[PDB]
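Inside the fold
Residues per chain are reported as follows:
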Amino acid sequence: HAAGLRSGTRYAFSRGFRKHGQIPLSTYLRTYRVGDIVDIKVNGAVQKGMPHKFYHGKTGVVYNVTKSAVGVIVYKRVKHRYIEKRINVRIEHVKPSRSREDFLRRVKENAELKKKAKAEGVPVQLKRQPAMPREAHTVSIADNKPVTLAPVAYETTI
Amino acid sequence: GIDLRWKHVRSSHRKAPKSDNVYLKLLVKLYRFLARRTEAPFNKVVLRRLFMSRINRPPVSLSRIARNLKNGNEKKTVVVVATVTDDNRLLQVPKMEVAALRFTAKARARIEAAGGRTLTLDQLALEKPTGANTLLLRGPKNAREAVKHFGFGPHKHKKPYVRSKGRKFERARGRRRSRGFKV
Amino acid sequence: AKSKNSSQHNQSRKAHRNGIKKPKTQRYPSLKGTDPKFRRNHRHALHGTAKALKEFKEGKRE
Amino acid sequence: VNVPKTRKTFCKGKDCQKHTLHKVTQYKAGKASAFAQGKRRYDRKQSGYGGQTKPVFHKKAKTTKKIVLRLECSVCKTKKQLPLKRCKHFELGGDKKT
Amino acid sequence: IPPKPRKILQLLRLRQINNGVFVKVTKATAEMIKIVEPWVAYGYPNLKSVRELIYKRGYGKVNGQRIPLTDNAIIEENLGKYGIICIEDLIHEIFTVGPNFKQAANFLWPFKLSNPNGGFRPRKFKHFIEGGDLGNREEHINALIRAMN
Amino acid sequence: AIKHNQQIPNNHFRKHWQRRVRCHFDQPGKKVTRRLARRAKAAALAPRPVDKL
RNA sequence: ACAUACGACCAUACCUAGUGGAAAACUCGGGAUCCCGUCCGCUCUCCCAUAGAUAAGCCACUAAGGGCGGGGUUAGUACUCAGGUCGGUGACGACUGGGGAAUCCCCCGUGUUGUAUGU
RNA sequence: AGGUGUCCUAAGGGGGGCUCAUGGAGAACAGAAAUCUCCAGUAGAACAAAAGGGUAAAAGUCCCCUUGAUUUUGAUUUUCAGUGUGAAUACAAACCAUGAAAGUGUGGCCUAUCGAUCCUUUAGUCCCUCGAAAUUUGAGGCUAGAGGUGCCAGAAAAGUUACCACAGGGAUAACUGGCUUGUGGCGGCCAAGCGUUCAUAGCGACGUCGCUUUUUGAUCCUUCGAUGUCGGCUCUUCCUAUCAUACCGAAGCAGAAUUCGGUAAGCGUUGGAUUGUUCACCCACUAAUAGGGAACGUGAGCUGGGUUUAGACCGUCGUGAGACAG
RNA sequence: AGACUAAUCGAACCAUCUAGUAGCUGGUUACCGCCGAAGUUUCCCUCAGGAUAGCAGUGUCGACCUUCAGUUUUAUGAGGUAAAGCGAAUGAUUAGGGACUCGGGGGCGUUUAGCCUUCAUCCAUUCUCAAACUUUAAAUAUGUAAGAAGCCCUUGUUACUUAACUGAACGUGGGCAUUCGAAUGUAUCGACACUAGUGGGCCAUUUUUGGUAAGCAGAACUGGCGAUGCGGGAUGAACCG
RNA sequence: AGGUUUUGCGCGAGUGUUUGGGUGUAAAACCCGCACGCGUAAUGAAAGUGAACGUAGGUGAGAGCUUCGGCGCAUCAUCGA
Ligand SMILES: [Mg+2]
Ligand SMILES: [Mg+2]
Ligand SMILES: [Mg+2]
Ligand SMILES: [Mg+2]
Ligand SMILES: [Mg+2]
Ligand SMILES: [Mg+2]
Ligand SMILES: [Mg+2]
Ligand SMILES: [Mg+2]
Ligand SMILES: [Mg+2]
Ligand SMILES: [Mg+2]
Ligand SMILES: [Mg+2]
Ligand SMILES: [Mg+2]
Ligand SMILES: [Mg+2]
Ligand SMILES: [Mg+2]
Ligand SMILES: [Mg+2]
Ligand SMILES: [Mg+2]
Ligand SMILES: [Mg+2]
Ligand SMILES: [Mg+2]
Ligand SMILES: [Mg+2]
Ligand SMILES: [Mg+2]
Ligand SMILES: [Mg+2]
Ligand SMILES: [Mg+2]
Ligand SMILES: [Mg+2]
Ligand SMILES: [Mg+2]
Ligand SMILES: [Mg+2]
Ligand SMILES: [Mg+2]
Ligand SMILES: [Mg+2]
Ligand SMILES: [Mg+2]
Ligand SMILES: [Mg+2]
Ligand SMILES: [Mg+2]
Ligand SMILES: [Mg+2]
Ligand SMILES: [Mg+2]
Ligand SMILES: [Mg+2]
Ligand SMILES: [Mg+2]
Ligand SMILES: [Mg+2]
Ligand SMILES: [Mg+2]
Ligand SMILES: [Mg+2]
Ligand SMILES: [Mg+2]
Ligand SMILES: [Mg+2]
Ligand SMILES: [Mg+2]
Ligand SMILES: [Mg+2]
Ligand SMILES: [Mg+2]
Ligand SMILES: [Mg+2]
Ligand SMILES: [Mg+2]
Ligand SMILES: [Mg+2]
Ligand SMILES: [Mg+2]
Ligand SMILES: [Mg+2]
Ligand SMILES: [Mg+2]
Ligand SMILES: [Mg+2]
Ligand SMILES: [Mg+2]
Ligand SMILES: [Mg+2]
Ligand SMILES: [Mg+2]
Ligand SMILES: [Mg+2]
Ligand SMILES: [Mg+2]
Ligand SMILES: [Mg+2]
Ligand SMILES: [Mg+2]
Ligand SMILES: [Mg+2]
Ligand SMILES: [Mg+2]
Ligand SMILES: [Mg+2]
Ligand SMILES: [Mg+2]
Ligand SMILES: [Mg+2]
Ligand SMILES: [Mg+2]
Ligand SMILES: [Mg+2]
Ligand SMILES: [Mg+2]
Ligand SMILES: [Mg+2]
Ligand SMILES: [Mg+2]
Ligand SMILES: [Mg+2]
Ligand SMILES: [Mg+2]
Ligand SMILES: [Mg+2]
Ligand SMILES: [Mg+2]
Ligand SMILES: [Mg+2]
Ligand SMILES: [Mg+2]
Ligand SMILES: [Mg+2]
Ligand SMILES: [Mg+2]
Ligand SMILES: [Mg+2]
Ligand SMILES: [Mg+2]
Ligand SMILES: [Mg+2]
Ligand SMILES: [Mg+2]
């Protein structure tokens, strides 16, 4: 048996059905800054700057920006500890991450909520709550007569 | 069963000095009473440092005291729970009031000759029972030959254990590219 | 004689005994591996910023 | 493996510091000297009784060697060595394919 | 016990058999309870159950120690900043799930109940629906609390 | 067999060193003998100094 | 709204067949000295914008069109996580607390849009 | 199921023009296949080599120019101890290639294609040392490669022992036992067909379900500070899958002699030639000469014919010492 | 005859080197208290042994910092297993139909596109499949985030970048909270030092691979026994409690 | 005997009397000093060279003090000299 660099990447590194050929150029048109959070997804058509198969499907933080690639910090679990790994990835294997979009939209929503609450004199709720049990309510059967169901007898269908 | 990860976990800090010094025992009793009967965190810190081993009480030099006496600390009383040593490199000793566990002969002589004052910790407890207007100083804990050896390993630039220094002692194969690899 | 070849049976429990240590993050990361041109410029940018900050206290008054 | 008789590449010569033309030859190990310190020590150790005092390699496994190109600069005669990969048959200045 | 249910029981503070806790029903807590279903019996307590649990087996966590609730001074000292100054206040907060339910429930040391006075069902490690005692028995936990308390 | 971070041991005890151990329990007795010899030679050199210039 | 140039998504845009196309644009078009390139001015390159034509490209519409896309149905089915001193000789199955697909088949649709200059 | 120890001055680098496998129509020789033309043609071709990814105005193919397969030292990734080695990724110093550019290029589109210390040999400079002081030879250092360890983190290495020895191992074989039952043995269900006629008196294909541990395998759980290892003799008891004997039922049962089956282990199951035998086969008697277990029953019961240490011979094998389930 | 050489012979006896070496066998001496394993990683002429990491103890120290988590929720990525499919590619495979004009062969009334036939091709259908097939595609499990090292405004530094103060990075100054921006817990957070034993494991659910099978051999996750008593399963290392 | 880490002591930029000498109630105790060892400076194979721009630097933390404005130990991360 073998332990080469791209062992077991038959499907992960492959391009999807009817997804071959030309690479969209918005990938190259994107810009990245140090501290940005990016998702790593290996493009099989770009053999330069390929990250190892472990980092495929991982999310990290950009720590270095270069001509055609970014340095990403990932944390890899080995034995009983976490190791900080730094990988140089070409842009084609890097996608900006929505892993923080909810928080980044909540921070500004909370800012406007705070200023509006201060203006209006009544505090509002800034922190999200988990789904709560449903409240009491009344269901009218007017024009919604219940339909009585019974278990069906067994019969063969072949 | 109760399903606990930890049971009978002992505190990891010293509760008393391992020393058998009778005067240190008296000092510990005094500062136990002070730390119990006062609100000052200074007394508790001093009491805890009175338990510490010698490597946990590195010496403080007159030059180290002079560094911290600057920028509005000239009239504060310097408190060092350790030995205060002299420094040849400091030619002019500033006027200072220092309370320390002990002083070297040269340090005490130079402090007194510069118009300063030397105190013991019980004298400090008498004059400043709450540690008001005090500057509490610690010596360099890691400035020690043994610490230079700690954590030796590849790409860690620590000091190896060698019987001698020279070209024939740990300098080939594992330390340069001309001998296979470097570290 | 033959024996067992390999096993990961107890490794997860051994790893979790004292926790999986994740190195704590710091405010200022190491600039190791950063673009050397950027590092060379950043050195002098920091030099100038510190100089300007000192002149601000000494009379520049930005 | 066919390599040309000449190639122009970076020259480390103090006057060049520049891509210059170099003549290419195959490096050949020089004849072993009898007055190298290792040879002297080996002869001294082998003298007397005791038999063979050092190991003698037998378990040869390689069928090839790494070919080294000796490059001589055309302007200052500065020499440079370029190792190549293992190959069974090597020639320099051979006829090009069509 | 598998490690995930073990961790969830530790977070629910059910570290010992016949331990009992009050939980405010949300999605986050309901999912954890669903995971640890093979180890717990839970349900909907009534006022009698809450009152008797607090009065008989009421202990507060004071400075990391399990202190019996024999006086209103303890409750005022440890929960007075939340408007809870008496055992009836504590009972009201728990029963009505007030704004300080988290603080009240965490102040309450996990209840240490006895085995039920009438015993369990013939096989107690099935779901209540199957005829056992595990899972959600809804209002029927009041009889279990009356036997176990 | 090294097992930890140790200074490499080089204790030269691979010969039969116990056969040539030199203790010095006779240090005070030898000092006494030396003092006696000095006193005797000083007495012999009665008015002269005990040494040469 | 239509056309052109540069695009974005990359078939709702592809493929086949038929019908029609204001204005301008685009196109086919004409010539081979120069620049340039071919076996051949086919392509590429240059010069003309006169003439001819929307025949083709292009655009639009059509087709119980193939494909594609969306939805339903398949189906709470297949499967699967956890549980029992459950059933069954077994193969395997049912139940409890949860999650939950994919064909065939049926229905609908056949591009959206940015910048700039124009009609 | 396979692959590697190679191979390439291009099969490396840059740029440009083109579009492949195949199919349908056509054109003298010419046809199934030679060349020419058109139309379809998502890659069904090609890309050194295994397989898997990847690639269409290319990563294929042809053409033009070249040597980024260059110099310097770091950082990072995989195998990982986050050590080597092999590989690999992004950027800096330089000065080069190519395209009008933008840009690309630090060997092979990606995943394999390889090697420490010591020694040796090269390449590198107003470089260092030969320690009383100089010059010239010589030698030794510093930096970078090469000569190789394929048991590939890298000893310098032929047999035999039946004359054998020691420390151990039931971590590990040969004999009992244990699990299993392929195989061996013994049954059942089905019933094409045989049986003159008739599937089922009696046989019985293809298939299929089992049982047994009197075969042999498979495993290595017990025993290697030892459980005496074949057979025979002697002796007791047990099993039934019954050879004979008792009583019954069926026939392709007239009688006779047989055959099949049921209840049945109460009672018996022999004397000899050859062979150590087991097993077997003959001679003969008999109602019959059935099959098995009991640590493959039974060695402080025997015996020692077999296996069989040391002596010895032969054949084959070996240079030989010696080997042989001969 | 490897026979005999003082009961000693495939190299006698005596003394010494010598307490020769042994990764191997055996043994290793009072009590109580607290904590408490491993049979796994990498390298080794390594496979009955070592080193290395892990698991463990002890000693501390640090603000024990308001953080930490074998957990849930919410938001957002990755995957190619179970299932499904083959009138979808590749490959395997059962059956008939419709025509072609011929496409091969063979004929009947010969350049007669004459009229037949037997296969082949094509076509729209059909039965059944894949560890090294796939258009689809779960469950379980997995990466990241949920603030103060944040957010908003203004303008300072640079030798980098841009046509340019225009960006990049790091900041100065000012402001936020009538609420530090899910849940639950916190019955413990972090750093350091030195070192023990271990490096033969075995059993079980689910998923399995080889095998006819095995109380067989080999793996993934988790829990156990080893190291553990007690009630139950009569009897038992692992089962139930 | 040598090494290492951690305890407790003495002194501390020094430290160590006991090779030796003096002395003695005589293997004790007491006293003395030149040298020497280790430390105070590293780096390079070597020739050799050899450690302050700053109040011994800037940023973020940081116990404890604070005149309540900040001063900031140890230590950690970081950019510099
Ligand atoms: Mg208890
Ligand atoms: Mg490293
Ligand atoms: Mg060399
Ligand atoms: Mg060398
Ligand atoms: Mg073995
Ligand atoms: Mg093992
Ligand atoms: Mg620990
Ligand atoms: Mg030479
Ligand atoms: Mg000789
Ligand atoms: Mg009763
Ligand atoms: Mg019961
Ligand atoms: Mg000896
Ligand atoms: Mg193979
Ligand atoms: Mg190529
Ligand atoms: Mg080329
Ligand atoms: Mg090219
Ligand atoms: Mg091209
Ligand atoms: Mg392909
Ligand atoms: Mg050129
Ligand atoms: Mg590596
Ligand atoms: Mg490459
Ligand atoms: Mg470049
Ligand atoms: Mg080499
Ligand atoms: Mg060699
Ligand atoms: Mg040399
Ligand atoms: Mg000289
Ligand atoms: Mg060699
Ligand atoms: Mg090896
Ligand atoms: Mg065994
Ligand atoms: Mg059988
Ligand atoms: Mg029959
Ligand atoms: Mg058997
Ligand atoms: Mg056995
Ligand atoms: Mg035995
Ligand atoms: Mg025995
Ligand atoms: Mg016996
Ligand atoms: Mg016999
Ligand atoms: Mg019978
Ligand atoms: Mg019968
Ligand atoms: Mg009988
Ligand atoms: Mg038997
Ligand atoms: Mg027997
Ligand atoms: Mg017997
Ligand atoms: Mg016997
Ligand atoms: Mg016998
Ligand atoms: Mg015999
Ligand atoms: Mg014999
Ligand atoms: Mg024989
Ligand atoms: Mg013989
Ligand atoms: Mg004798
Ligand atoms: Mg004899
Ligand atoms: Mg002899
Ligand atoms: Mg003897
Ligand atoms: Mg314990
Ligand atoms: Mg080796
Ligand atoms: Mg053993
Ligand atoms: Mg699949
Ligand atoms: Mg797979
Ligand atoms: Mg399947
Ligand atoms: Mg198919
Ligand atoms: Mg097919
Ligand atoms: Mg599959
Ligand atoms: Mg998913
Ligand atoms: Mg997720
Ligand atoms: Mg260890
Ligand atoms: Mg090992
Ligand atoms: Mg170890
Ligand atoms: Mg074992
Ligand atoms: Mg097993
Ligand atoms: Mg086994
Ligand atoms: Mg054991
Ligand atoms: Mg137990
Ligand atoms: Mg029991
Ligand atoms: Mg058993
Ligand atoms: Mg010692
Ligand atoms: Mg000295
Ligand atoms: Mg020096
Ligand atoms: Mg503070």
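What follows is about the protein's contact with RNA strand I. Close to RNA strand I lie 103 residues; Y11, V124, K127 and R128 of chain A together with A28 of chain E are nearest. Backbone atoms, meaning sugar and phosphate, form 73% of the atoms of RNA strand I found within 4 Å of the protein. Between RNA strand I and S6 of chain C there is a distance of 3.0 Å, counted from a phosphate oxygen to a backbone nitrogen or oxygen. The side chain of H44 of chain C places a nitrogen or oxygen atom 3.3 Å from a base nitrogen of RNA strand I. Looking at the surface near RNA strand I, the elements that each hand over two or more residues are α2 (101-120) of chain A, α1 (11-17) and α2 (36-58) of chain C together with α1 (3-11), α2 (27-35) and α6 (101-107) of chain E. When residues in the surface near RNA strand I are grouped by element, the largest group, 11 residues, is from α2 of chain C. Among the residues making up the surface near RNA strand I, the classes are represented as 29 nonpolar, 35 polar and 39 charged.

Residue and element names in this part refer to chain E. What the rule picks out here adds up to two cavities of 30 Å³ or more. The space that makes up the largest cavity amounts to roughly 70 Å³. Across the lining of the largest cavity, the residue classes tally to five nonpolar, two polar and three charged. Empty space within the second largest cavity amounts to approximately 40 Å³. Taken together, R13, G20, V21, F22, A105, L108, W109, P110 and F111 make up the lining of the second largest cavity. Taken together, the residues that form the lining of the second largest cavity break down as seven nonpolar, one polar and one charged.

What follows covers the protein's contact with RNA strand H. In the vicinity of RNA strand H lie 95 residues, with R86 of chain A, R177 of chain B together with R7, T64 and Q81 of chain D positioned nearest. Atoms of RNA strand H within 4 Å of the protein belong to the sugar or the phosphate in 81% of instances, the rest to bases. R15 of chain A places a polar main-chain atom, nitrogen or oxygen, 2.6 Å from a phosphate oxygen of RNA strand H. The separation between a phosphate oxygen of RNA strand H and a polar main-chain atom of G180 of chain B is 3.4 Å.

Another aspect to go through is a nonpolar patch on the surface. On the surface, a cluster of nonpolar side chains totalling about 250 Å² of accessible area is made up of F103, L104 and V107 of chain A. Locating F103 of chain A in the fold gives a position in helix α2.

Further remarks concern the interface of chain C and chain A. Between chain C and chain A, the residue contacts involve 12 residues of the former and 10 residues of the latter. Taken over both partners, the interface formed by chain C and chain A buries close to 990 Å², and the fraction arising from carbon and sulfur atoms is 54%. Our count for the chain C to chain A interface comes out at three residue pairs in polar contact. Residue composition of the side of chain C that touches chain A, by class: three nonpolar, five polar and four charged.

How each quantity is defined
Residues numbered from 1 in each chain as written, not as in the entry; some residues may be left out. Chains lettered and ligands numbered in written order. Part of a larger assembly, values for the part shown. Heavy atoms only, no water. Near = heavy atom within 4 Å. Polar contact = N/O pair within 3.5 Å; in protein donor to acceptor, adjacent residues only side chain to side chain. Helix = DSSP H or I, 4+ residues; strand = E, 2+ residues; numbered from the N terminus. Nonpolar A, V, L, I, M, F, W, Y, C, P; charged D, E, K, R; others polar. 1 Å grid on protein atoms, 1.4 Å probe; cavity = no way out; pocket = protein on both sides within 12 Å on 5 of 7 lines; lining within 4 Å. Points joined across faces, edges and corners; volume = space filled by probe spheres on them. Patch = residues over 30% accessible without salt bridge, like charges linked within 9 Å, V, L, I, M, F, W, Y side chains within 5 Å. Areas by Shrake-Rupley, 256 points an atom, 1.4 Å probe, with all protein chains shown as cover. Salt bridge = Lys/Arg side-chain N within 4 Å of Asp/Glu carboxyl O. Contact = heavy atoms within 4.5 Å. Buried area = accessible area lost by both parts, 1.4 Å probe.

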